[PDB]
Amino acid sequence: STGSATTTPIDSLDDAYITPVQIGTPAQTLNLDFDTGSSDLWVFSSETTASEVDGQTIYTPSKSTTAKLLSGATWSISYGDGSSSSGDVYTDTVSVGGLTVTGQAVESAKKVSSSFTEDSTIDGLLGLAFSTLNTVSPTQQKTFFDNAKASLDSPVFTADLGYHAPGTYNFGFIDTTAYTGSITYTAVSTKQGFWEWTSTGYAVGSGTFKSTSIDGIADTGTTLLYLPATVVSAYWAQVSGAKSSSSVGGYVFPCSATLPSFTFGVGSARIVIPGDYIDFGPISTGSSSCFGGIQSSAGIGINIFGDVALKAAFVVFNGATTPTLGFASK
Ligand SMILES: Nc1ccc(F)cn1
């Protein structure tokens, strides 16, 4: 089997991407944030604290004839941005663009943190990292990809995020028309539960490529590109007026700037992120100071190849016996 669904940026800045997901019987369509940096499929629901829902579409398990309460199961998760959610669990039929999983754990939110409430465009998350990170207790649950894997024509999913435009998530196949050149595969470590790999280096604009190992994760659920301070300082030193602002929480630059590109290495291959992809607009409404899309990972503990990097490439998340990651230009 295969699945194919369009992913859409939630706003004019590509702050996140939403993909419609069908849950239950009859189908209840919710727009979820496909996240390769987490492993829980959770949704806003009829059980979510009333004051914590503000415009989101909710899943109502009592209206689904295939929903079953997973007895005694609870979940609680915290993300890198300080956000969190928790609640109870149902098993139900979940479909993504024609691909169906019966008995998928659907984590119903009883509580969500302010950032989730404040974002009316995201109805929940669909985790695509390794099932070892799943927070369901006392019986850990599998991801949608992990449940569908054996049924897929090929044990893979692909992320093709658009810049200011819709893109696609495919399951079970590689669309050879969606990229240019060839796909370069690179080794993955699953020890931390992430699609963790090692970039072979970088370049800033038309500058010389620096061969240096950068361990990091391919994460569709993180908006920006988080890299070591030395690399990020080399990037922003090419932009007149750019500086690290402690009050803003990162590198800012004059909105009047035309940004240079950023290249990252995948083996001997090179992925070029165009400069416009690194512009995240005014720091506050009407400001002429803009927020940078490449930020330091110094406070995180890990480098993150978020949407800024992934949207420049066609990315293969290969769930073969030994998982690997594939990157191609597009
Ligand atoms: N880096 C993040 C932040 C929030 C979220 F829901 C997922 N990933």
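Any read-out appearing in this document is the output of simple, stated calculations on the displayed coordinates, not a laboratory observation. Neighbour counts are summed over all protein chains in view; Cβ atoms, including those assigned to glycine, are modelled from backbone coordinates with ideal geometry.
Points worth noting:
- Between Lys243 and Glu118, the simple spin-label model (points 7 angstrom out along Cα→Cβ) gives 2.5 nm.
- When the Cα positions of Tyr251, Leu310, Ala229 are compared along the charge dipole of the range 175-330, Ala229 comes out farthest toward the positive end, with charges on each C-beta of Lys, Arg, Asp and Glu.
- Equivalent ellipsoid dimensions for the chain as semi-axes, Å, which come from the Cα gyration tensor, largest first: 33, 23, 17
- Only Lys, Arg, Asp and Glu carry charge here, each on its Cβ (+1 for the first two, -1 for the last two); on that basis the range 5-174 has a dipole of about 680 debye about its Cα centre.
- If both residues of a DSSP beta bridge must be in the range 175-330, then about 85% of such bridges are antiparallel.
- Largest-first principal axis extents, alpha carbons of the range 258-330, Å: 50, 28, 19
- Scattering profile of the range 5-174 at q = 0.12 Å⁻¹ [log10 I(q)/I(0), Debye over alpha-carbon scatterers]: -0.49
- Relative contact order of the range 5-174, pairs being alpha-carbon contacts under 8 Å that are 6 or more residues apart, as %: 29 percent
- P(r) tail fraction, the range 175-330 - alpha-carbon pairs more than 26 Å apart, %: 25 percent
- Mean separation of Cα pairs under 8 Å and 6 or more residues apart, divided by the residue count, gives the chain a relative contact order of 19 percent.
- Over the range 218-281, volume per residue of the alpha carbon convex hull, in Å³: 109 Å³
- Estimated dipole of the chain in Debye, rounded to 20 [Cβ of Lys and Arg +1, of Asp and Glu -1, Cα centre]: 640 debye
- Rounded D (µm²/s) - the range 30-103, Kirkwood Rh over Cα pairs, Stokes-Einstein at 10 °C, 1.306 mPa s: 115 µm²/s
- 19 Å reach of a label modelled at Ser154, 7 Å along Cα-to-Cβ, counting backbone N of the range 259-300: 267, 269
- Cα gyration tensor of the range 101-209 - equivalent ellipsoid semi-axes, whole Å, descending: 29, 20, 17
- Chain lengthening between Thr321 and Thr177 when straightened (0.36 nm per residue, less Cα-Cα): 49.2 nm
- Modelled FRET efficiency - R0 51 Å, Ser206 with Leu69, Cβ distances, 0.05 increments: 0.30
- Sites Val272 and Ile10, calculated FRET efficiency, Cβ-Cβ separation with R0 25 Å, nearest 0.05: 0.50
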